[PDB]
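Comments concern the structure below.
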Amino acid sequence: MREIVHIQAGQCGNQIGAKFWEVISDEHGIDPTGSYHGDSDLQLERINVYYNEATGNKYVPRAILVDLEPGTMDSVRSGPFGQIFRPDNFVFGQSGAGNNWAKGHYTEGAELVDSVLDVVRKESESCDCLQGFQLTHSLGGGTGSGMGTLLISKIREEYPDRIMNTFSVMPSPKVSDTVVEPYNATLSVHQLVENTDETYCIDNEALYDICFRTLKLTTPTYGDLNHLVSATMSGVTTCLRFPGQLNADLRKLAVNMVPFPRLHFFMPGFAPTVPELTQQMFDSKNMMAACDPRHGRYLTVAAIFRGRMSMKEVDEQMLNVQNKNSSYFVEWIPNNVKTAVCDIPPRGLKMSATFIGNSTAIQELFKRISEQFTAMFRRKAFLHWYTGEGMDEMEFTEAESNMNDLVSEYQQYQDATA
Amino acid sequence: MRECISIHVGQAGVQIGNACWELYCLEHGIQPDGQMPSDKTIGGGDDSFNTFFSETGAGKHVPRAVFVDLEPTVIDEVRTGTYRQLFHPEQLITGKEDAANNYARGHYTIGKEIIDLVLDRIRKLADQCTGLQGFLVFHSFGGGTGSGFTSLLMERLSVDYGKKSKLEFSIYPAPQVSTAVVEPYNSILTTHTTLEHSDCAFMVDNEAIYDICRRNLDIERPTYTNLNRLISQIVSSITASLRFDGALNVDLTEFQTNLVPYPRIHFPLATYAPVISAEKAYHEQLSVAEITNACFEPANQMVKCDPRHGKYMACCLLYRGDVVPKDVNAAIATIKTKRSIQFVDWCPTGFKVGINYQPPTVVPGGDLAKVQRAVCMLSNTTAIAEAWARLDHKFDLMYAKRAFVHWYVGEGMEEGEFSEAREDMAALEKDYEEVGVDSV
Ligand SMILES: COc1cc(OC)c(Cl)c(-n2c(-c3ccccc3)cc(=O)c(C)c2-c2ccc(F)cc2)c1
Ligand SMILES: Nc1nc2c(ncn2[C@@H]2O[C@H](COP(=O)(O)OP(=O)(O)OP(=O)(O)O)[C@@H](O)[C@H]2O)c(=O)[nH]1
Ligand SMILES: COc1cc2c(c(OC)c1OC)-c1ccc(OC)c(=O)cc1[C@@H](NC(C)=O)CC2
Ligand SMILES: Nc1nc2c(ncn2[C@@H]2O[C@H](COP(=O)(O)OP(=O)(O)O)[C@@H](O)[C@H]2O)c(=O)[nH]1
Ligand SMILES: [Ca+2]
Ligand SMILES: [Ca+2]
Ligand SMILES: [Ca+2]
Ligand SMILES: [Ca+2]
Ligand SMILES: [Mg+2]
Ligand SMILES: [Mg+2]
């Protein structure tokens with residue numbers, strides 16, 4: 001009875017979240033109508049974490065769909081699992097955000113934010129013991145970034161003692177389709193650094209490379225990329241959704257993954273013999289964030305293996321990776337690599353592994369955005385679009401300072417010794 | 001509803017509007033009488049094509065457009081033309097006497113008689129909108145109506161609608177294509193009066209479209225119909241994102257935010273590819289990467305200038321048709337490797353992209369061949385300052401001797417407005433030089 005309230009905002013948030021509900025609905029064996037037609041009772045032991053039990057034994061996700069542009073709502077509602085969701089949980093506007101963070105955070109999103117919190121109060125009050133919230137959104141746009149972080153700030157006011165998770169698609173180093181994304185990303189990161197307990201960094205360029213270089217898709221699409229992200233989201237939340245040797249929640253994950261409150265930005269991975277999975281799983285080629293783990297040290301790591309597989313074999317292989325490449329792990333957090341196993345594998349797979357790393361190498365990402373942010377901000381390029389919504393330049397300078405301070409923090413523990 | 005109201009001012013704007021709304025009807029399957037068989041949402045709906053068309057209970061799809069001209073000859077043809085019943089009589093506004101190539105007559109003398117009426121009809125269209133997004137204003141620089149009345153309208157729209165988006169489509173004069181001696185004066189006066197009220201202006205050098213039509217389409221001696229049909233392809237590409245549903249399209253706000261780095265620097269350079277005849281399109285297909293490369297060849301720009309000698313500040317690439325993301329990303333990846341295409345150092349990420357899978361449409365009669373993938377690029381480049389310089393020079397030659405100025409003073413203007421408008425242009429030219437200078 002540790003329920004999670006899911007929220008998805010913006011195109012990216014809704015497209016990624018919609019595919020996420022498709023994935024776990026299959027894992028819990030729930031059809032688009034919301035009725036269970038599975039085989040094992042282990043699919044239901046912890047189903048109330050992500051679903052409400054409705055009259056007629058229909059299952060309804062604790063999902064809240066948000067955007068300032070109604071177009072993406074209609075796509076969700078007409079998608080494979082469109083009619084699963086609660087009609088009243090579609091909270092949308094008509095104006096859109098125009099890739100403008102200020103519109104999403106201060107004007108257009110501020111008009112709609114209360115309506116979203118009202119839907120949150122419904123869901124949260126209908127929870128035996130509310131555990132926390134999870135958000136899926138992009139940082140480069142205006143709604144998921146600007147309004148997304150506004151929703152986070154408001155939720156922390158009502159629920160200051162609850163856990164806030166996010167799955168944030170970050171700007172990629174070379175692939176971009178938004179000219180002002182450095183402004184939007186830097187403004188969002190300064191919000192995420194303060195009002196989130198855990199943030200999974202997702203990079204579309206890395207996801208595209210996997211789809212193209214590895215999976216051999218000659219014409220990858222956002223559907224293919226979303227499938228990879230959804231597969232990772234299911235893998236991360238496997239322990240929250242299924243029983244097993246591990247009985248842990250989101251707060252325990254944060255307590256053990258975050259040695260310092262601001263450094264809570266994780267590097268996700270996914271794979272694909274047991275030895276070969278652990279080899280893949282730690283590979284740069286399998287990392288969902290555009291940062292080389294070899295360019296830093298892991299503060300903490302979490303690995304989840306799924307499917308019938310030799311436990312002792314995994315333990316030996318994991319322990320080998322730690323001891324073999326121990327120079328990439330901080331020496332002052334003893335036993336900072338923990339592993340969990342679940343008997344239920346995903347669809348069309350016999351074995352799978354999900355990776356969650358709190359690596360100091362993630363500062364490379366915040367370096368990039370800072371340098372891109374400064375190049376535009378020095379010349380106040382495109383700024384009038386933000387000051388026109390009522391922002392002041394000082395709010396831009398503060399975000400620049402904070403993300404540089406965050407970058408400064410990461411470098412501190414990347415060279416710390418015992 | 002994200003509606004957009006089109007305003008077509010003067011002969012050029014009206015005649016350009018004739019080609020655009022003809023194309024729109026062909027792209028949406030709307031018949032000359034306004035009936036749209038494929039539309040089952042009779043009397044209304046939230047469809048994407050309702051941003052430009054309103055519905056009536058009788059199944060009539062009516063353009064959200066106003067046509068204004070100070071003389072009736074041009075709009076009279078619309079009232080008796082093939083799309084005569086597409087529009088409503090109230091939407092086709094005309095006076096009896098034109099501005100006579102005089103900005104002052106269009107702005108001060110003949111314009112005042114009709115401006116209050118025009119705003120009322122625009123008001124009537126606005127009241128029918130649930131979420132009006134902005135205005136599209138089609139006009140020439142050279143004509144007295146297109147220059148003088150448009151300026152008047154833009155100022156009045158800012159008072160009655162505040163900061164609501166206002167985008168222009170402006171015809172930059174050229175000696176090849178039926179220009180007049182005083183058109184440099186009108187262009188400078190209207191640009192200065194409209195600079196502070198327009199959020200994004202799309203100039204089209206009439207010499208550039210004359211050349212493209214004469215070279216790419218092998219039309220020895222282009223007509224206004226040949227030019228307007230080409231212009232409508234660019235207008236269609238820019239508004240396709242608004243008239244059609246899609247997951248990868250660029251709405252106006254998204255469109256303006258990623259293309260205008262500073263309020264005054266809002267004159268993107270438009271290109272379209274492929275512009276090709278049927279004879280050449282026979283047994284010939286061009287790919288995504290090919291049309292992407294053509295967008296950066298100065299020979300295809302809608303305004304004559306040399307991007308190679310300037311710097312890019314933002315590029316918007318609107319693909320349409322049989323275009324897949326993988327090809328788009330590869331084609332743009334190549335452009336970023338080309339050191340021949342220089343971006344300002346304060347634009348680390350300078351590409352906005354979109355795809356509209358609806359295929360390009362050709363007027364049955366329009367020299368363009370029907371292709372399957374097309375791209376319209378809109379780039380904010382310093383090179384566009386070259387067009388300002390050419391026009392500013394022609395202004396200086398005449399104004400040094402005060403040639404023709406008496407025609408404007410007779411209508412109530414002062415020579416001070418001429419120099420003020422010229423100084424604003426001088427600041428703009430210096431502005432384009434400043435933004436192109438490398439950072440410290
Ligand atoms: C993030 O900025 C982008 C820039 C870009 O071209 C410069 C593209 Cl094609 C995409 N993009 C699009 C798309 C987006 C906006 C307009 C049109 C198409 C759709 C799509 O399904 C996929 C997979 C991608 C994509 C993602 C990550 C990559 F590494 C490579 C391609 C994204
Ligand atoms: N592309 C294009 N340009 C046009 C067209 N008609 C006129 N022009 C341009 O417009 C200029 C002449 O001004 P007009 O727009 O025709 O004059 P007006 O707006 O009707 O104002 P008046 O002075 O009162 O006649 C010329 O320099 C032409 O280059 C047209 O149909 N297509
Ligand atoms: C009465 O009908 C005429 C009216 C005009 C013109 C003209 O001579 C071609 C006429 O024939 C008699 C004309 C005058 C010459 C101009 O420059 C000297 C000009 O730019 C202006 C032109 C005409 N405009 C154009 C594009 O030819 C408009 C004025
Ligand atoms: N994975 C994924 N990323 C997306 C998708 N759509 C947009 N993005 C990312 O988000 C950015 C655009 O922001 P957008 O999603 O439109 O944000 P919004 O304005 O809040 O809706 C791009 O740079 C992409 O990297 C999608 O369908 N899938
Ligand atoms: Ca409002
Ligand atoms: Ca309330
Ligand atoms: Ca309709
Ligand atoms: Ca109808
Ligand atoms: Mg006329
Ligand atoms: Mg978009």
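Just remember, in the structure tokens the first chain shown is A, the second B, etc., residues are 1-based per chain, and ligands are 1-based in the order shown.
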*So which bits of stretch 95-227 of chain A end up helix (DSSP H, G or I) when you DSSP the backbone, as a ChimeraX atom specification?*
/A:101-105,108-125,143-158,181-195,204-214,222-227
*Residues of chain B within 6 Å of chain A, counting only C-alpha atoms, as a ChimeraX atom specification*: /B:253-254,258,261-262,326,346,348-353
Deliver the residues from the most recent selection as a file, using N, CA, C and O atoms, as a PDB file, in the first residue's frame.
ATOM      1  N   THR B 253       3.956  30.175 -32.199  1.00  0.00           N
ATOM      2  CA  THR B 253       4.756  30.562 -31.041  1.00  0.00           C
ATOM      3  C   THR B 253       6.084  29.818 -31.038  1.00  0.00           C
ATOM      4  O   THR B 253       7.153  30.423 -30.893  1.00  0.00           O
ATOM      5  N   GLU B 254       6.032  28.497 -31.201  1.00  0.00           N
ATOM      6  CA  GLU B 254       7.250  27.719 -31.376  1.00  0.00           C
ATOM      7  C   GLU B 254       8.065  28.269 -32.533  1.00  0.00           C
ATOM      8  O   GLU B 254       9.297  28.339 -32.467  1.00  0.00           O
ATOM      9  N   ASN B 258      12.048  30.389 -31.788  1.00  0.00           N
ATOM     10  CA  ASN B 258      13.295  29.757 -32.194  1.00  0.00           C
ATOM     11  C   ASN B 258      13.962  30.448 -33.372  1.00  0.00           C
ATOM     12  O   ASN B 258      15.046  30.022 -33.783  1.00  0.00           O
ATOM     13  N   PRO B 261      16.118  36.201 -32.585  1.00  0.00           N
ATOM     14  CA  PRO B 261      16.968  36.340 -31.394  1.00  0.00           C
ATOM     15  C   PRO B 261      16.776  37.664 -30.676  1.00  0.00           C
ATOM     16  O   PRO B 261      16.978  37.762 -29.462  1.00  0.00           O
ATOM     17  N   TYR B 262      16.400  38.695 -31.422  1.00  0.00           N
ATOM     18  CA  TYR B 262      16.158  40.014 -30.863  1.00  0.00           C
ATOM     19  C   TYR B 262      14.940  40.609 -31.549  1.00  0.00           C
ATOM     20  O   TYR B 262      14.699  40.341 -32.733  1.00  0.00           O
ATOM     21  N   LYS B 326      14.972   9.904 -39.762  1.00  0.00           N
ATOM     22  CA  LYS B 326      16.363   9.487 -39.920  1.00  0.00           C
ATOM     23  C   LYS B 326      17.062  10.287 -41.011  1.00  0.00           C
ATOM     24  O   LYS B 326      18.214  10.705 -40.846  1.00  0.00           O
ATOM     25  N   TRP B 346      27.145  32.869 -30.620  1.00  0.00           N
ATOM     26  CA  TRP B 346      26.161  32.861 -29.546  1.00  0.00           C
ATOM     27  C   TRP B 346      24.926  32.036 -29.896  1.00  0.00           C
ATOM     28  O   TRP B 346      23.890  32.165 -29.234  1.00  0.00           O
ATOM     29  N   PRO B 348      24.723  28.256 -30.144  1.00  0.00           N
ATOM     30  CA  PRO B 348      25.252  26.883 -30.118  1.00  0.00           C
ATOM     31  C   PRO B 348      24.287  25.854 -30.678  1.00  0.00           C
ATOM     32  O   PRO B 348      24.727  24.862 -31.271  1.00  0.00           O
ATOM     33  N   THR B 349      22.983  26.054 -30.496  1.00  0.00           N
ATOM     34  CA  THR B 349      21.952  25.188 -31.061  1.00  0.00           C
ATOM     35  C   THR B 349      21.059  26.059 -31.932  1.00  0.00           C
ATOM     36  O   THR B 349      20.300  26.884 -31.412  1.00  0.00           O
ATOM     37  N   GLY B 350      21.142  25.875 -33.248  1.00  0.00           N
ATOM     38  CA  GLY B 350      20.495  26.803 -34.156  1.00  0.00           C
ATOM     39  C   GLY B 350      19.617  26.195 -35.230  1.00  0.00           C
ATOM     40  O   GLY B 350      19.489  26.766 -36.318  1.00  0.00           O
ATOM     41  N   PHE B 351      18.985  25.061 -34.946  1.00  0.00           N
ATOM     42  CA  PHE B 351      18.106  24.406 -35.907  1.00  0.00           C
ATOM     43  C   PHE B 351      16.792  24.050 -35.234  1.00  0.00           C
ATOM     44  O   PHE B 351      16.769  23.279 -34.269  1.00  0.00           O
ATOM     45  N   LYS B 352      15.709  24.630 -35.734  1.00  0.00           N
ATOM     46  CA  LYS B 352      14.365  24.163 -35.451  1.00  0.00           C
ATOM     47  C   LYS B 352      13.898  23.371 -36.660  1.00  0.00           C
ATOM     48  O   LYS B 352      14.119  23.786 -37.801  1.00  0.00           O
ATOM     49  N   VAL B 353      13.278  22.220 -36.415  1.00  0.00           N
ATOM     50  CA  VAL B 353      12.898  21.310 -37.486  1.00  0.00           C
ATOM     51  C   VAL B 353      11.459  20.863 -37.279  1.00  0.00           C
ATOM     52  O   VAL B 353      10.943  20.854 -36.157  1.00  0.00           O
TER      53      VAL B 353
END
*Between A:320, A:199, A:115, A:286, which has the minimum distance to residue A:257 (counting only C-alpha atoms)?*
A:199
Exercise answer, 6 Å around ligand 10 with only C-alpha atoms and all ligand atoms, as an mmCIF file with C-alpha atoms, in the first residue's frame:
data_model
loop_
_atom_site.group_PDB
_atom_site.id
_atom_site.type_symbol
_atom_site.label_atom_id
_atom_site.label_comp_id
_atom_site.auth_asym_id
_atom_site.auth_seq_id
_atom_site.Cartn_x
_atom_site.Cartn_y
_atom_site.Cartn_z
ATOM 1 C CA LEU B 248 6.326 16.939 -35.412
ATOM 2 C CA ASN B 249 5.002 20.315 -36.569
ATOM 3 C CA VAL B 250 5.924 23.861 -35.548
#
_Considering only C-alpha atoms and all ligand atoms, can you say which of B:58, B:174, B:295, B:19 comes closest to ligand 2?_
B:174
*Counting only C-alpha atoms and all ligand atoms, name the residues that have an atom within 6 Å of an atom of ligand 9; the answer should be given as an MDAnalysis selection string.*
chainID B and resid 10:11 98
*Determine the nearest neighbour of ligand 1 from the options A:74, A:207, A:294, A:111, counting only C-alpha atoms and all ligand atoms.*
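Closest to ligand 1, using only C-alpha atoms and all ligand atoms: A:207.
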*Long-range neighbours of residue A:113 as number ranges by chain, 8 Å cut-off, only C-alpha atoms, 6 positions minimum in chain*: A: 147, 150-151
Write out the residues from the selection above, keeping C-alpha atoms, as an mmCIF file, in the first residue's frame.
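Okay, selection-v7.cif is ready:
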data_model
loop_
_atom_site.group_PDB
_atom_site.id
_atom_site.type_symbol
_atom_site.label_atom_id
_atom_site.label_comp_id
_atom_site.auth_asym_id
_atom_site.auth_seq_id
_atom_site.Cartn_x
_atom_site.Cartn_y
_atom_site.Cartn_z
ATOM 1 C CA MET A 147 5.261 23.821 -16.277
ATOM 2 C CA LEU A 150 6.288 24.410 -11.552
ATOM 3 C CA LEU A 151 4.124 21.379 -10.758
#
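Taking only C-alpha atoms and all ligand atoms into account, the protein and nucleic acid residues that come at most 6 Å from ligand 2 are residues 10, 11, 12, 15, 16, 98, 99, 100, 101, 102, 140, 142, 143, 144, 145, 146, 171, 173, 177, 178, 179, 206, 224, 227 and 228 of chain B.
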File of the preceding selection, N, CA, C and O atoms, as a compact mmCIF listing (two decimals), in the first residue's frame:
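Heads up, here's the output in result10.txt:
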# COMPACT_ATOMS: atom_id res chain seq x y z
N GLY B 10 -3.92 45.66 -50.27
CA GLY B 10 -3.42 46.15 -51.54
C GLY B 10 -3.47 45.08 -52.61
O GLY B 10 -3.80 43.92 -52.38
N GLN B 11 -3.12 45.50 -53.83
CA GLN B 11 -3.17 44.58 -54.96
C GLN B 11 -2.33 43.34 -54.71
O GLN B 11 -2.81 42.21 -54.82
N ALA B 12 -1.05 43.54 -54.36
CA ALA B 12 -0.16 42.40 -54.15
C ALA B 12 -0.69 41.47 -53.06
O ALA B 12 -0.77 40.25 -53.25
N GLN B 15 -3.79 39.68 -54.33
CA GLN B 15 -3.48 38.69 -55.35
C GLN B 15 -2.64 37.55 -54.80
O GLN B 15 -2.76 36.41 -55.25
N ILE B 16 -1.78 37.84 -53.81
CA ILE B 16 -1.06 36.77 -53.14
C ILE B 16 -2.01 35.94 -52.29
O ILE B 16 -1.88 34.71 -52.19
N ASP B 98 -7.58 54.78 -54.89
CA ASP B 98 -6.40 54.14 -54.34
C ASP B 98 -5.45 55.18 -53.75
O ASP B 98 -5.70 56.39 -53.82
N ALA B 99 -4.35 54.71 -53.17
CA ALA B 99 -3.36 55.58 -52.56
C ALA B 99 -2.40 56.18 -53.56
O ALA B 99 -1.56 57.01 -53.18
N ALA B 100 -2.47 55.78 -54.83
CA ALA B 100 -1.70 56.41 -55.90
C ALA B 100 -0.20 56.32 -55.62
O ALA B 100 0.54 57.30 -55.77
N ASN B 101 0.26 55.13 -55.23
CA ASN B 101 1.66 54.86 -54.93
C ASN B 101 2.21 55.77 -53.83
O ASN B 101 3.43 55.91 -53.69
N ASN B 102 1.34 56.39 -53.04
CA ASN B 102 1.75 57.34 -52.02
C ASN B 102 1.51 56.73 -50.64
O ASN B 102 0.36 56.47 -50.27
N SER B 140 2.50 44.56 -50.11
CA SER B 140 3.70 45.01 -50.80
C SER B 140 4.33 46.18 -50.05
O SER B 140 3.64 46.91 -49.33
N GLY B 142 5.87 48.50 -52.00
CA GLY B 142 5.89 49.56 -52.99
C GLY B 142 4.61 50.35 -53.13
O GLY B 142 4.65 51.57 -53.32
N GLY B 143 3.47 49.68 -53.04
CA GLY B 143 2.20 50.36 -53.23
C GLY B 143 1.87 51.30 -52.09
O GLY B 143 2.34 51.17 -50.97
N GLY B 144 1.02 52.29 -52.40
CA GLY B 144 0.58 53.22 -51.37
C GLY B 144 -0.34 52.57 -50.36
O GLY B 144 -0.29 52.89 -49.17
N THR B 145 -1.19 51.66 -50.82
CA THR B 145 -2.02 50.90 -49.89
C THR B 145 -1.18 49.90 -49.11
O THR B 145 -1.18 49.90 -47.87
N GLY B 146 -0.42 49.06 -49.82
CA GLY B 146 0.39 48.05 -49.16
C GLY B 146 1.35 48.62 -48.14
O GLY B 146 1.64 47.98 -47.12
N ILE B 171 6.41 42.11 -50.00
CA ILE B 171 6.99 42.05 -51.33
C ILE B 171 7.96 43.22 -51.47
O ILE B 171 7.54 44.38 -51.55
N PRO B 173 10.44 45.49 -53.47
CA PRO B 173 10.32 45.87 -54.88
C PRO B 173 11.57 45.57 -55.68
O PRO B 173 12.67 45.39 -55.15
N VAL B 177 10.04 43.72 -61.99
CA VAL B 177 8.66 43.30 -61.80
C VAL B 177 7.78 44.49 -61.46
O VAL B 177 7.28 44.62 -60.34
N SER B 178 7.56 45.36 -62.45
CA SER B 178 6.55 46.40 -62.37
C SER B 178 6.66 47.19 -61.06
O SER B 178 5.75 47.19 -60.23
N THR B 179 7.79 47.86 -60.90
CA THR B 179 8.00 48.73 -59.75
C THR B 179 7.70 50.18 -60.15
O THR B 179 7.33 50.47 -61.29
N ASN B 206 11.04 40.55 -55.13
CA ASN B 206 10.36 40.21 -56.38
C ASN B 206 11.35 39.91 -57.50
O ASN B 206 10.99 39.23 -58.46
N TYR B 224 2.64 37.80 -62.56
CA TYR B 224 2.28 37.82 -61.14
C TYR B 224 1.69 36.48 -60.71
O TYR B 224 1.90 36.05 -59.57
N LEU B 227 4.53 34.16 -60.05
CA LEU B 227 5.22 34.50 -58.81
C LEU B 227 4.38 34.14 -57.59
O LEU B 227 4.88 33.54 -56.63
N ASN B 228 3.09 34.49 -57.61
CA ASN B 228 2.25 34.26 -56.44
C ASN B 228 2.12 32.77 -56.14
O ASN B 228 2.17 32.36 -54.98
*When the cut-off is 10 Å and you count only C-alpha atoms and all ligand atoms, which residues lie near ligand 8, shown as a PyMOL selection string?*
chain B and resi 30+34-45+54-62
Those same residues - C-alpha atoms - I'd like them written as a CSV table (one decimal), in the first residue's frame.
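Heads up, here's the output in selection18.csv:
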chain,number,residue,atom,x,y,z
B,30,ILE,CA,-12.4,22.4,-50.1
B,34,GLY,CA,-16.8,26.0,-49.6
B,35,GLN,CA,-18.3,22.6,-49.2
B,36,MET,CA,-15.8,20.0,-47.9
B,37,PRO,CA,-17.1,16.4,-48.4
B,38,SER,CA,-14.5,14.9,-46.2
B,39,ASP,CA,-15.5,17.0,-43.2
B,40,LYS,CA,-18.1,15.2,-41.1
B,41,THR,CA,-17.9,17.9,-38.4
B,42,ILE,CA,-20.7,20.1,-39.9
B,43,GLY,CA,-21.0,23.6,-38.4
B,44,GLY,CA,-17.8,23.4,-36.4
B,45,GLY,CA,-15.0,21.2,-34.9
B,54,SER,CA,-14.6,28.7,-40.1
B,55,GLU,CA,-17.6,26.4,-40.7
B,56,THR,CA,-21.3,27.3,-41.2
B,57,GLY,CA,-24.3,25.2,-40.4
B,58,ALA,CA,-24.7,24.7,-44.2
B,59,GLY,CA,-21.4,23.0,-44.4
B,60,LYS,CA,-19.6,26.1,-45.8
B,61,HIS,CA,-15.9,26.4,-45.0
B,62,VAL,CA,-15.2,30.1,-44.9
*8 Å contact set for residue B:412, only C-alpha atoms, chain neighbours under 3 positions out, as JSON, numbers by chain*: {"B": [104, 108, 408, 409]}
Those same residues, written as a PDB file, in the first residue's frame with N, CA, C and O atoms?
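Printed below is again-v1.pdb as written:
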ATOM      1  N   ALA B 104       1.649  58.257 -47.903  1.00  0.00           N
ATOM      2  CA  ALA B 104       0.853  59.203 -47.127  1.00  0.00           C
ATOM      3  C   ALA B 104      -0.636  59.031 -47.391  1.00  0.00           C
ATOM      4  O   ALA B 104      -1.449  59.103 -46.464  1.00  0.00           O
ATOM      5  N   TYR B 108      -2.615  58.226 -44.165  1.00  0.00           N
ATOM      6  CA  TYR B 108      -3.251  59.395 -43.566  1.00  0.00           C
ATOM      7  C   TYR B 108      -4.543  59.822 -44.245  1.00  0.00           C
ATOM      8  O   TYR B 108      -5.517  60.126 -43.555  1.00  0.00           O
ATOM      9  N   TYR B 408       4.364  63.687 -50.796  1.00  0.00           N
ATOM     10  CA  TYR B 408       4.071  63.207 -49.451  1.00  0.00           C
ATOM     11  C   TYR B 408       3.742  64.352 -48.501  1.00  0.00           C
ATOM     12  O   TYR B 408       2.867  64.210 -47.639  1.00  0.00           O
ATOM     13  N   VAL B 409       4.434  65.486 -48.637  1.00  0.00           N
ATOM     14  CA  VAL B 409       4.135  66.641 -47.798  1.00  0.00           C
ATOM     15  C   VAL B 409       2.739  67.170 -48.104  1.00  0.00           C
ATOM     16  O   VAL B 409       2.015  67.615 -47.201  1.00  0.00           O
TER      17      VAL B 409
END
*Could you give me the residues within 12 Å of ligand 5, counting only C-alpha atoms and all ligand atoms, as a list in words?*
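Residues lying within 12 Å of ligand 5: residues 68, 93, 94, 95, 96, 97, 103, 104, 106, 107, 108, 109, 110, 111 and 112 of chain A; 130, 131, 132, 133 and 164 of chain B.
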_I'd like the contact shell of stretch 263-266 of chain B - 9 Å cut-off, only C-alpha atoms, skipping same-chain residues fewer than 6 positions apart - returned as number ranges by chain._
A: 382, 384-385; B: 195-196, 198-202, 256, 380, 428, 431-432
For the selection you just gave me, I'd like the residues written to a file as an mmCIF file, in the first residue's frame, keeping N, CA and C atoms.
data_model
loop_
_atom_site.group_PDB
_atom_site.id
_atom_site.type_symbol
_atom_site.label_atom_id
_atom_site.label_comp_id
_atom_site.auth_asym_id
_atom_site.auth_seq_id
_atom_site.Cartn_x
_atom_site.Cartn_y
_atom_site.Cartn_z
ATOM 1 N N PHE A 382 17.860 35.689 -27.929
ATOM 2 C CA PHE A 382 16.525 35.127 -27.748
ATOM 3 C C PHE A 382 15.919 35.463 -26.392
ATOM 4 N N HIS A 384 14.559 38.165 -25.175
ATOM 5 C CA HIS A 384 13.365 39.002 -25.117
ATOM 6 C C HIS A 384 12.099 38.163 -25.020
ATOM 7 N N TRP A 385 12.134 36.932 -25.534
ATOM 8 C CA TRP A 385 10.978 36.052 -25.422
ATOM 9 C C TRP A 385 10.685 35.688 -23.971
ATOM 10 N N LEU B 195 8.270 48.291 -37.853
ATOM 11 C CA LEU B 195 9.322 47.558 -37.151
ATOM 12 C C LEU B 195 8.900 47.184 -35.739
ATOM 13 N N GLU B 196 8.356 48.144 -35.002
ATOM 14 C CA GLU B 196 8.050 47.959 -33.591
ATOM 15 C C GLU B 196 6.720 47.246 -33.348
ATOM 16 N N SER B 198 5.605 44.515 -35.658
ATOM 17 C CA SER B 198 5.648 43.188 -36.254
ATOM 18 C C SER B 198 6.635 42.313 -35.492
ATOM 19 N N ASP B 199 6.231 41.072 -35.227
ATOM 20 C CA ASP B 199 7.093 40.132 -34.522
ATOM 21 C C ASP B 199 7.935 39.286 -35.462
ATOM 22 N N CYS B 200 7.529 39.158 -36.719
ATOM 23 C CA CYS B 200 8.282 38.367 -37.684
ATOM 24 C C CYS B 200 7.780 38.727 -39.070
ATOM 25 N N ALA B 201 8.683 39.169 -39.937
ATOM 26 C CA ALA B 201 8.337 39.634 -41.272
ATOM 27 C C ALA B 201 9.058 38.784 -42.303
ATOM 28 N N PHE B 202 8.325 38.342 -43.320
ATOM 29 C CA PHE B 202 8.871 37.496 -44.376
ATOM 30 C C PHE B 202 8.902 38.292 -45.678
ATOM 31 N N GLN B 256 8.180 31.429 -33.800
ATOM 32 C CA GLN B 256 8.798 32.734 -33.587
ATOM 33 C C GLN B 256 9.887 32.670 -32.525
ATOM 34 N N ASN B 380 17.501 33.189 -40.157
ATOM 35 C CA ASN B 380 17.795 34.559 -39.748
ATOM 36 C C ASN B 380 19.290 34.759 -39.942
ATOM 37 N N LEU B 428 19.070 49.833 -37.890
ATOM 38 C CA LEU B 428 18.864 48.424 -38.210
ATOM 39 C C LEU B 428 20.076 47.841 -38.922
ATOM 40 N N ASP B 431 22.533 47.370 -36.397
ATOM 41 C CA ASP B 431 22.135 46.235 -35.567
ATOM 42 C C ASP B 431 22.575 44.914 -36.188
ATOM 43 N N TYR B 432 22.395 44.761 -37.502
ATOM 44 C CA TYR B 432 22.792 43.511 -38.145
ATOM 45 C C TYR B 432 24.303 43.323 -38.120
#
*Contact residues around residue A:186 with only C-alpha atoms at 12 Å, ignoring same-chain residues under 3 positions, as an MDAnalysis selection string*: chainID A and resid 101 139:141 145:146 149 170:171 180:183 189:193 365:374 376:377 395:404 406
*Could you pull out all residues of stretch 64-257 of chain B with a DSSP call of strand (DSSP E or B) and give them as a list in words?*
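For stretch 64-257 of chain B, the strand (DSSP E or B) set is residues 65, 66, 67, 68, 69, 92, 93, 94, 134, 135, 136, 137, 138, 139, 140, 165, 166, 167, 168, 169, 170, 171, 172, 200, 201, 202, 203, 204 and 205 of chain B.
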*asked:* Could you list, as a count of residues only, every residue within 9 Å of residue B:96, counting only C-alpha atoms and ignoring same-chain residues fewer than 5 positions away?
replied: 3
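Using only C-alpha atoms, the smallest distance between any of A:206, A:343, A:302, A:81 and residue A:23 comes from A:81.
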